[PDB]
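Shown next: input_9.cif, given as mmCIF, C-alpha atoms.
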```
data_start
#
loop_
_atom_site.label_atom_id
_atom_site.label_comp_id
_atom_site.auth_asym_id
_atom_site.auth_seq_id
_atom_site.Cartn_x
_atom_site.Cartn_y
_atom_site.Cartn_z
CA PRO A 1 29.13 61.79 -7.92
CA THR A 2 27.81 59.09 -5.59
CA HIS A 3 27.79 60.92 -2.26
CA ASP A 4 25.73 63.83 -0.89
CA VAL A 5 23.89 64.40 -4.17
CA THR A 6 20.84 62.12 -4.40
CA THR A 7 18.97 60.48 -1.54
CA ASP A 8 18.60 56.73 -1.10
CA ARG A 9 15.21 56.94 0.64
CA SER A 10 11.58 56.84 -0.39
CA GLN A 11 10.84 60.22 -1.94
CA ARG A 12 8.38 61.10 -4.69
CA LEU A 13 9.72 63.11 -7.61
CA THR A 14 6.39 64.60 -8.68
CA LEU A 15 3.52 65.12 -6.24
CA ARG A 16 -0.12 65.71 -7.19
CA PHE A 17 -2.07 68.09 -4.98
CA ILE A 18 -5.86 67.89 -4.65
CA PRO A 19 -7.47 71.31 -3.97
CA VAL A 20 -8.24 71.95 -0.33
CA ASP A 21 -11.08 74.33 -1.24
CA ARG A 22 -12.60 74.80 -4.68
CA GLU A 23 -14.78 77.84 -5.35
CA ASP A 24 -16.69 78.22 -8.61
CA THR A 25 -18.09 81.54 -9.85
CA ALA A 26 -19.83 82.53 -13.10
CA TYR A 27 -16.80 84.56 -14.20
CA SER A 28 -13.90 82.94 -12.33
CA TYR A 29 -12.77 79.71 -10.68
CA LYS A 30 -10.73 79.51 -7.48
CA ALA A 31 -8.59 76.58 -6.36
CA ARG A 32 -6.79 76.53 -3.01
CA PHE A 33 -3.88 74.14 -2.51
CA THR A 34 -1.46 73.22 0.26
CA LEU A 35 1.89 73.14 -1.56
CA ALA A 36 3.64 71.30 1.25
CA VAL A 37 7.40 70.94 0.92
CA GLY A 38 8.41 68.14 3.26
CA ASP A 39 11.48 67.66 5.44
CA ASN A 40 14.88 68.11 3.77
CA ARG A 41 13.40 68.91 0.35
CA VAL A 42 13.68 71.92 -1.93
CA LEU A 43 11.09 72.88 -4.53
CA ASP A 44 11.79 75.15 -7.47
CA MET A 45 8.51 76.87 -8.35
CA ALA A 46 9.33 76.59 -12.07
CA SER A 47 8.52 72.86 -11.84
CA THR A 48 5.06 73.64 -10.46
CA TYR A 49 2.07 73.93 -12.78
CA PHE A 50 -1.71 73.55 -12.81
CA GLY B 1 11.42 26.59 46.12
CA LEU B 2 11.78 26.59 49.89
CA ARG B 3 10.65 30.21 50.13
CA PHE B 4 7.09 29.51 49.00
CA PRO B 5 4.65 29.92 51.91
CA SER B 6 2.58 26.98 53.06
CA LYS B 7 -0.98 26.40 51.86
CA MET B 8 -3.57 27.03 54.59
CA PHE B 9 -7.31 27.58 54.46
CA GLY B 10 -7.95 31.29 54.13
CA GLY B 11 -4.35 32.41 54.60
CA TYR C 1 -21.61 -0.75 -0.18
CA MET C 2 -21.34 1.16 3.12
CA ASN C 3 -24.62 3.00 2.52
CA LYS C 4 -26.72 -0.09 1.89
CA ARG C 5 -25.47 -2.69 4.41
CA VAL C 6 -28.54 -2.84 6.65
CA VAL C 7 -27.73 -3.19 10.35
CA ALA C 8 -30.06 -4.43 13.07
CA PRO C 9 -31.01 -1.64 15.52
CA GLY C 10 -31.15 -4.25 18.30
CA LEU C 11 -27.35 -4.50 18.24
CA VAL C 12 -27.01 -0.96 19.60
CA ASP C 13 -30.50 -0.18 20.89
CA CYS C 14 -31.69 2.22 23.61
CA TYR C 15 -30.85 -0.34 26.39
CA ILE C 16 -27.25 -1.32 25.54
CA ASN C 17 -25.22 -1.45 28.79
CA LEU C 18 -27.58 0.70 30.84
CA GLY C 19 -25.73 2.53 33.57
CA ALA C 20 -22.36 1.54 32.10
CA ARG C 21 -19.75 3.95 30.80
CA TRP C 22 -18.58 1.38 28.30
CA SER C 23 -17.28 1.62 24.77
CA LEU C 24 -18.36 -1.43 22.80
CA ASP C 25 -15.85 -4.20 22.16
CA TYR C 26 -17.12 -4.19 18.58
CA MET C 27 -16.32 -0.47 18.33
CA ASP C 28 -12.90 -0.36 20.01
CA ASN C 29 -10.95 -1.36 16.90
CA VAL C 30 -13.09 0.81 14.60
CA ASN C 31 -11.54 4.21 13.85
CA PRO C 32 -13.40 6.82 15.96
CA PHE C 33 -12.24 9.64 13.70
CA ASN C 34 -14.00 8.16 10.67
CA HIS C 35 -17.31 9.53 11.87
CA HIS C 36 -19.67 12.34 10.98
CA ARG C 37 -19.25 13.81 14.46
CA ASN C 38 -15.53 14.25 13.75
CA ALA C 39 -15.76 17.97 14.49
CA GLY C 40 -12.54 18.80 12.69
CA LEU C 41 -13.52 17.08 9.45
CA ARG C 42 -17.01 18.46 10.03
CA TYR C 43 -15.38 21.90 10.08
CA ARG C 44 -13.06 21.20 7.15
CA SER C 45 -15.89 19.87 4.96
CA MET C 46 -17.93 23.03 5.47
CA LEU C 47 -14.90 25.29 5.06
CA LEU C 48 -15.02 24.58 1.32
CA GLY C 49 -18.81 24.45 1.19
CA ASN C 50 -21.78 22.13 0.70
CA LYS D 1 -24.87 11.80 -9.33
CA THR D 2 -27.41 14.50 -10.28
CA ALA D 3 -25.60 17.41 -8.61
CA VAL D 4 -26.33 20.69 -10.37
CA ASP D 5 -23.73 23.12 -11.73
CA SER D 6 -22.78 24.96 -8.56
CA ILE D 7 -20.70 28.07 -7.86
CA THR D 8 -18.84 28.96 -4.67
CA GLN D 9 -19.85 32.07 -2.73
CA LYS D 10 -17.25 33.12 -0.16
CA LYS D 11 -17.57 35.65 2.65
CA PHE D 12 -16.53 36.23 6.25
CA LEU D 13 -18.22 37.54 9.39
CA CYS D 14 -16.06 39.18 12.05
CA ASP D 15 -18.21 40.53 14.88
CA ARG D 16 -17.39 42.52 18.03
CA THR D 17 -14.20 44.09 16.64
CA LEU D 18 -12.77 47.24 15.11
CA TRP D 19 -10.69 47.18 11.93
CA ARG D 20 -7.38 48.34 13.38
CA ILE D 21 -4.90 49.97 11.01
CA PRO D 22 -1.92 50.93 13.21
CA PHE D 23 0.04 54.08 12.40
CA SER D 24 3.32 52.19 12.51
CA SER D 25 5.96 51.77 9.84
CA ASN D 26 5.73 47.95 9.93
CA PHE D 27 2.08 47.69 11.15
CA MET D 28 3.31 46.24 14.46
CA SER D 29 2.81 47.29 18.08
CA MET D 30 6.30 48.08 19.36
CA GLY D 31 4.93 50.42 22.03
CA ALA D 32 1.96 52.67 22.66
CA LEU D 33 3.80 55.65 21.16
CA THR D 34 4.59 54.39 17.67
CA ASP D 35 7.66 55.14 15.56
CA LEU D 36 5.73 57.19 13.01
CA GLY D 37 4.09 59.16 15.81
CA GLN D 38 7.62 60.07 16.92
CA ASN D 39 8.77 60.65 13.34
CA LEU D 40 9.99 64.16 12.53
CA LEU D 41 7.79 64.22 9.42
CA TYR D 42 4.55 64.11 11.40
CA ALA D 43 5.80 65.90 14.52
CA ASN D 44 7.17 69.11 12.95
CA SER D 45 4.55 69.65 10.23
CA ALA D 46 0.82 69.81 9.57
CA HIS D 47 -0.68 67.26 7.17
CA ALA D 48 -4.10 66.86 5.64
CA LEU D 49 -5.85 63.51 5.80
CA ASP D 50 -8.25 62.28 3.11
CA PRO E 1 -0.60 42.28 33.81
CA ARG E 2 3.13 42.33 33.00
CA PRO E 3 5.57 39.39 32.62
CA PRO E 4 8.35 39.24 35.24
CA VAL E 5 11.35 41.48 34.70
CA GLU E 6 14.92 41.77 35.96
CA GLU E 7 16.76 45.10 36.08
CA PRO E 8 20.50 44.89 35.24
CA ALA E 9 19.58 50.67 32.68
CA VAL E 10 18.32 47.78 30.56
CA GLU E 11 15.09 45.91 31.22
CA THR E 12 15.45 42.14 31.03
CA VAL E 13 12.68 39.53 30.95
CA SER E 14 12.93 37.21 33.96
CA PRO E 15 12.31 33.46 33.46
CA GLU E 16 10.50 32.94 36.78
CA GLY E 17 6.96 31.59 36.89
CA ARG E 18 7.29 29.52 33.71
CA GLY E 19 5.78 26.05 33.46
CA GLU E 20 7.92 22.98 34.12
CA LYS E 21 7.59 19.25 34.64
CA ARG E 22 7.38 18.64 38.38
CA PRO E 23 6.78 15.44 40.38
CA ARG E 24 4.54 17.45 42.74
CA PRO E 25 1.77 19.93 41.76
CA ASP E 26 3.19 23.34 41.04
CA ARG E 27 0.44 25.44 42.61
CA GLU E 28 1.20 24.20 46.12
CA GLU E 29 4.86 25.12 45.59
CA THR E 30 5.08 28.25 43.43
CA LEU E 31 3.01 30.86 41.64
CA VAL E 32 2.80 29.97 37.95
CA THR E 33 2.87 32.96 35.60
CA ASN F 1 11.58 52.58 55.04
CA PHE F 2 7.96 51.41 54.53
CA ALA F 3 9.06 47.75 54.58
CA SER F 4 7.33 46.97 57.89
CA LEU F 5 3.97 47.36 56.11
CA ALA F 6 4.53 44.19 54.11
CA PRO F 7 3.74 40.62 55.18
CA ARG F 8 6.83 38.69 56.22
CA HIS F 9 7.32 35.49 54.23
CA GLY F 10 9.78 34.06 56.69
CA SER F 11 11.94 36.79 58.18
CA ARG F 12 12.06 38.88 54.97
CA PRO F 13 9.35 41.40 54.06
CA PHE F 14 7.54 40.21 50.92
CA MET F 15 8.04 43.31 48.82
CA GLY F 16 6.07 43.69 45.62
CA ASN F 17 7.74 43.94 42.25
CA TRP F 18 9.09 47.25 40.96
CA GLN F 19 7.43 46.58 37.59
CA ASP F 20 3.88 46.72 38.99
CA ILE F 21 3.97 50.43 39.84
CA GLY F 22 2.47 51.88 36.65
CA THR F 23 -0.13 50.91 34.10
CA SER F 24 0.57 50.90 30.37
CA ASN F 25 -2.50 49.40 28.68
CA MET F 26 -4.34 51.14 25.84
CA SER F 27 -6.56 50.05 22.95
CA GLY F 28 -3.90 48.01 21.21
CA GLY F 29 -0.97 50.09 22.42
CA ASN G 1 24.63 47.19 22.18
CA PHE G 2 21.51 47.09 19.97
CA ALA G 3 19.43 48.67 22.75
CA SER G 4 18.08 51.29 20.35
CA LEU G 5 16.23 48.44 18.62
CA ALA G 6 14.26 47.54 21.78
CA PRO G 7 10.96 49.18 22.74
CA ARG G 8 11.53 51.57 25.63
CA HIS G 9 9.41 50.75 28.64
CA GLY G 10 9.93 54.05 30.39
CA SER G 11 13.47 55.30 29.93
CA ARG G 12 15.12 51.87 29.63
CA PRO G 13 15.06 49.32 26.81
CA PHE G 14 12.87 46.25 27.25
CA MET G 15 15.59 43.79 26.33
CA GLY G 16 14.82 40.09 26.36
CA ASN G 17 16.55 37.37 28.30
CA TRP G 18 19.86 35.71 27.46
CA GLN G 19 18.52 32.22 28.13
CA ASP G 20 15.66 32.53 25.62
CA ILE G 21 17.88 32.60 22.52
CA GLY G 22 17.87 28.85 21.87
CA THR G 23 15.25 26.14 21.77
CA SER G 24 14.99 22.71 23.38
CA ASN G 25 11.53 21.72 22.13
CA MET G 26 11.49 18.00 21.37
CA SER G 27 8.86 15.27 21.53
CA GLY G 28 9.05 13.64 24.94
CA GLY G 29 12.10 15.53 26.15
#
```
This entry written out as structure tokens:
Amino acid sequence: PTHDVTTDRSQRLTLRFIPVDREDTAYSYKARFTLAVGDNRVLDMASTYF
Amino acid sequence: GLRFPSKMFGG
Amino acid sequence: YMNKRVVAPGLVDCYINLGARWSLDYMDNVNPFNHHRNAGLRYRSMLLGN
Amino acid sequence: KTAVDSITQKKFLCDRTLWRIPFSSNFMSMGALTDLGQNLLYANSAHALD
Amino acid sequence: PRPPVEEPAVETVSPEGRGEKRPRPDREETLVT
Amino acid sequence: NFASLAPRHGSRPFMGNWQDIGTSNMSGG
Amino acid sequence: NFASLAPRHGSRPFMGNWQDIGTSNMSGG
């Protein structure tokens, strides 16, 4: 199909998120992200990883 | 044009 | 050649046509833009360097 | 005739000014309220800046 | 501060005040913008 | 009316331009 | 009428002039 399936605009397939707040501990390590899904985009959380 | 006001000293 | 042709300073000395705004008749047919005060060529020579 | 081996150093000086990077989609001033400032990406969402 | 403008709304640049060749000096006749 | 507050160039009141009513200047905008 | 391509000064497009579309620039005339 050529219509209403895939956009014809600038849109990144894979994004790379820098941590907003890192927090190191002797026993654990905490990373805080802003997983921002932009306008007219859907994100399946199976595609997300660290 | 003809609507431009005339040059006078100080007005 | 042009460096070493010695010219008499009495031709154009500090009294030539005193009180006259007068280009020399010798210098009318000489190109005024072939001069080291040609401020464009002065700028274009230094725009590449020394 | 005895000019040394010379290398060109280039630089610029631009005083009195601010390095303007306009937040416009073509880097042009088409109005005081730019087209990306009116864009629905930046108007309906919160974005980090790094 | 702003170039001259006609109003047909749409907002149209007016050609008044532009420089021309004149046989008489243009400051004593018009305002040149 | 407020057109009798204007200087008369001829017999017509010299009204200012409608485009000079607001300011729009910013730092490159 | 391509007025959504013009920068809006206020609520109206700042369209150009009709007479500015050409050129007559020529050396001496």
Chain F residues near chain B within 12 Å, closest pair each, using only C-alpha atoms, as CSV:
```
residue,atom,partner,partner_atom,distance
F:7,CA,B:5,CA,11.2
F:8,CA,B:5,CA,10.0
F:9,CA,B:5,CA,6.6
F:10,CA,B:3,CA,7.7
F:11,CA,B:3,CA,10.5
F:12,CA,B:3,CA,10.0
F:13,CA,B:3,CA,11.9
F:14,CA,B:3,CA,10.5
```
Go ahead and write the residues just picked, C-alpha atoms, as an mmCIF file, in the frame of the given file.
```cif
data_model
loop_
_atom_site.group_PDB
_atom_site.id
_atom_site.type_symbol
_atom_site.label_atom_id
_atom_site.label_comp_id
_atom_site.auth_asym_id
_atom_site.auth_seq_id
_atom_site.Cartn_x
_atom_site.Cartn_y
_atom_site.Cartn_z
ATOM 1 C CA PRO F 7 3.740 40.620 55.180
ATOM 2 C CA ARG F 8 6.830 38.690 56.220
ATOM 3 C CA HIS F 9 7.320 35.490 54.230
ATOM 4 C CA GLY F 10 9.780 34.060 56.690
ATOM 5 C CA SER F 11 11.940 36.790 58.180
ATOM 6 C CA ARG F 12 12.060 38.880 54.970
ATOM 7 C CA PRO F 13 9.350 41.400 54.060
ATOM 8 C CA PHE F 14 7.540 40.210 50.920
#
```
Should the cut-off be 9 Å, what would the residue list for chain E against chain B look like, counting all atoms listed in the file, as a short mmCIF file (atom, residue, chain, number, x, y, z; two decimals) with C-alpha atoms, in the coordinates of the input?
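Saved result, selection.cif, follows:
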```cif
data_model
loop_
_atom_site.label_atom_id
_atom_site.label_comp_id
_atom_site.auth_asym_id
_atom_site.auth_seq_id
_atom_site.Cartn_x
_atom_site.Cartn_y
_atom_site.Cartn_z
CA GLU E 28 1.20 24.20 46.12
CA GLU E 29 4.86 25.12 45.59
CA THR E 30 5.08 28.25 43.43
CA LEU E 31 3.01 30.86 41.64
#
```
| field | For chain E, the nearest of the candidates G:21, G:6, G:26, G:15, counting all atoms listed in the file | value |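 Among the listed residues, the smallest separation from chain E belongs to G:15.
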| Å distance separating CA of residue 25 in chain D from CA of residue 40 in chain A, one decimal place |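 These two atoms are separated by 19.6 Å.
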| Atom-to-atom span, CA of residue 18 in chain F and CA of residue 2 in chain G, Å |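 Computing it gives 24.4 Å between the two atoms.
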| Got a sec to resolve the PyMOL selection byres ((chain A and resi 38) around 12) on this structure and send the residues as a list in words? | residues 11, 12, 15, 34, 35, 36, 37, 39, 40, 41, 42 and 43 of chain A; 40, 41, 42, 43, 44, 45, 46 and 47 of chain D
| query | Got a sec to pull out which chain E residues are within 12 Å of chain F, counting all atoms listed in the file, and send them as a ChimeraX atom specification? | reply | /E:1-7,11-14
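When CA of residue 31 in chain A is paired with CA of residue 13 in chain A, their separation reads 22.8 Å.
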| task | Compare C:17, C:50, C:3, C:34 by their minimum atom-to-atom distance to chain D, counting all atoms listed in the file, and give me the closest one. | result | C:50
Excluding range 11-24 of chain D and its own-chain neighbours fewer than 2 positions away, which residues fall within 6 Å of it when counting only C-alpha atoms? Please give them as a PDB file with C-alpha atoms, keeping the file's coordinate frame.
```
ATOM      1  CA  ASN D  26       5.730  47.950   9.930  1.00  0.00           C
ATOM      2  CA  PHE D  27       2.080  47.690  11.150  1.00  0.00           C
ATOM      3  CA  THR D  34       4.590  54.390  17.670  1.00  0.00           C
ATOM      4  CA  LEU D  36       5.730  57.190  13.010  1.00  0.00           C
TER       5      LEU D  36
END
```
| Proximity to chain G - best of D:39, D:29, D:4, D:10, only C-alpha atoms | D:29
| request: Using the chain letters and numbering of this document, enumerate as a PyMOL selection string the residues selected by the PyMOL selection byres ((chain D) within 10 of (chain G)). | output: chain D and resi 29-35
| field | Distance-based interface of chain C with chain D, 12 Å, counting all atoms listed in the file, as a PyMOL selection string | value | chain C and resi 46-50
